[PDB]
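Taking the form solved without the DNA, here's one chain by itself in structure tokens.
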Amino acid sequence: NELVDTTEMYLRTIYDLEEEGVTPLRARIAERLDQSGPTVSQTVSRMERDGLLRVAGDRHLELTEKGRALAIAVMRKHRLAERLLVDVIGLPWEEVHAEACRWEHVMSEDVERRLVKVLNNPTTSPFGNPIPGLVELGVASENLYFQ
């Protein structure tokens, strides 16, 4: 299975769409994961059954609290993996996302906590984007900065 974990990739794709300011719709998942329209619909309904998302009136997709927690954790592993691959392993930049897209599905939280120490409390991926879920991971808390 090229996606490694299909469910986690539907979750991470919906999260991507949210960071991008794009409406999370099935058609976007089909495009980005190279799956047919009906396959996406069936996977999505199975995830709804599983309590990972809701399919709204207008057909837009919404992560549930359960689905959102899991999406965050995958994206956290993804960006920690990219940090590792660039900062420590020295994998060229143009190859790190593809690699991280596999590793995000197999990294334990224990490794993530080690990576947070080894990488010196990283807060962003190599590509500038914030790493989510660090509070839930147990390594950080959030302060407010007033502008």
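Throughout, we count residues from 1 along the sequence that is shown.
Q: Look over 51-59 and 32-40 in the entry and identify the one with the greater average Cα temperature factor.
A: Averaged over C-alpha atoms, the B-factors run higher in 51-59.
Q: Going by the mean C-alpha B-factor recorded in the entry, which is higher: 135-143 or 10-18?
A: Mean CA B-factor is higher for 135-143.
Q: Checking the record values for 104, 82, 65, 112, which has the greatest CA B factor?
A: Of the candidates given, the C-alpha B-factor peaks at 65.
Q: Taking the entry's C-alpha B-factors for this chain, is residue 99 in the lowest, middle or highest third?
A: Lowest third of the chain for residue 99's C-alpha B-factor.
Q: Compared with the other modelled residues in the chain, in which third is the CA B-factor of residue 27?
A: CA B-factor rank for residue 27: middle third.
Q: In terms of the CA temperature factor given in the entry, to which third of its chain does residue 118 belong: lowest, middle or highest?
A: As the PDB entry reports it, the C-alpha B-factor of residue 118 lands in the highest third of its chain.
As for the form deposited with the DNA bound, it is not shown, yet the points below apply to it.
Q: In the deposited complex, do 88, 120 and 123 all reach within 4.5 Å of the DNA through at least one heavy atom apiece?
A: Checked in the deposited complex: no contact with the DNA for any of the three.
Q: With the DNA left out of view, which of 95, 65, 34, 110 would have a heavy atom within 4.5 Å of it in the deposited complex?
A: If I apply the 4.5 Å criterion carefully, the residue I get is 34.
Q: Considering only heavy atoms, tell me if residue 25 and the DNA come within 4.5 Å of each other in the deposited complex.
A: Although the DNA is absent here, residue 25 would touch it in the deposited complex, with heavy atoms inside 4.5 Å.
Q: Should residue 51 be classed as touching the DNA in the deposited complex when contacts are defined as heavy atoms within 4.5 Å?
A: Residue 51: no contact with the DNA in the deposited complex.
Q: Please run the contact check for residue 114 against the DNA in the deposited complex: heavy atoms, 4.5 angstroms, yes or no?
A: Residue 114: no contact with the DNA in the deposited complex.
Q: Out of 95-103, 66-74, 79-87, 36-44, where are the residues with a heavy atom within 4.5 Å of the DNA in the deposited complex?
A: Correct option: 36-44.
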